[PDB]
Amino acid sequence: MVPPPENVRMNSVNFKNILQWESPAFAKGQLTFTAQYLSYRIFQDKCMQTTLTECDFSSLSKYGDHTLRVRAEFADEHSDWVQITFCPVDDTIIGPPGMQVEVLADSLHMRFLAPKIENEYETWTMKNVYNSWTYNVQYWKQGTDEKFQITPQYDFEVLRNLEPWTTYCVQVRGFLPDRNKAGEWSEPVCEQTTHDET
């Protein structure tokens, strides 16, 4: 009698877990939706009778697996549950890190800022969730399309013996070598060098 939500997905980036869905075709009136999460006891409600096409599930434990379901409701009748399973540590997207770049003669100092988890704190970032975090840097001379890779040991690195007065663009991403999982790349930051070699 009532159509279920369509294309039910979990958009999770840096443990900001947004259950998105598309409203099905309905001609009687404006639909509403109710999303639930399976807590340890029973399906608890998160969004009740909202008019939005999304619900926030960032409050989930982010340890272990969670079961999420949503249905569409009109008046007293309601649709069937569309149920997905979400594992935050494995299904969340690792966002781009920050990158502060400084020019020093033929060298190029770049510091990497961790991707931040909104519902946590400065002392617990994406770098602290995964035990084998390592940054992954990629650079090239602007206009050459010849990428070079470097894996820094920590959150700082120096690119030495570069060409003088040449613009280089740099990117950084998270990476997990235990699973070979890569995070998203940072936006390319391009900076020009100066002169002389030490």
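Start at 1 with the first residue shown and count on from there.
Colleague: Identify the stretch, either 165-173 or 61-69, whose C-alpha atoms have the larger mean B-factor according to the entry.
Modeller: The stretch with the larger average C-alpha B-factor is 165-173.
Colleague: Could you check which stretch, 133-141 or 44-52, carries the larger mean CA temperature factor in the entry?
Modeller: Per the PDB entry, the higher value belongs to 44-52.
Colleague: Looking at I117, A75, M110, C87, which has the highest CA B-factor as recorded?
Modeller: Going by the entry's C-alpha B-factors, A75 comes out highest.
Colleague: Whose C-alpha has the highest temperature factor in the PDB entry: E122, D106, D91, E102?
Modeller: So the option with the highest C-alpha B-factor is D106.
Colleague: Taking the chain's C-alpha temperature factors as the reference, tell me which third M10 falls into: lowest, middle or highest.
Modeller: Middle third by C-alpha B-factor.
Colleague: Lowest, middle or highest third: where is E184 by Cα B-factor in its chain?
Modeller: Lowest third - that is where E184 ends up once the chain's C-alpha B-factors are sorted.
Colleague: Among the chain's modelled residues, which third holds the C-alpha B-factor of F26?
Modeller: Within its chain, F26 is a highest-third residue by C-alpha B-factor, going by the deposited values.
Colleague: Comparing against every modelled residue in the chain, figure out the third that the C-alpha B-factor of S39 lands in (lowest, middle or highest).
Modeller: It falls in the top third of the chain.
Colleague: Among the modelled residues of its chain, does the C-alpha B-factor of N128 lie in the lowest, middle or highest third?
Modeller: It belongs to the lowest third of the chain when residues are ordered by C-alpha B-factor.
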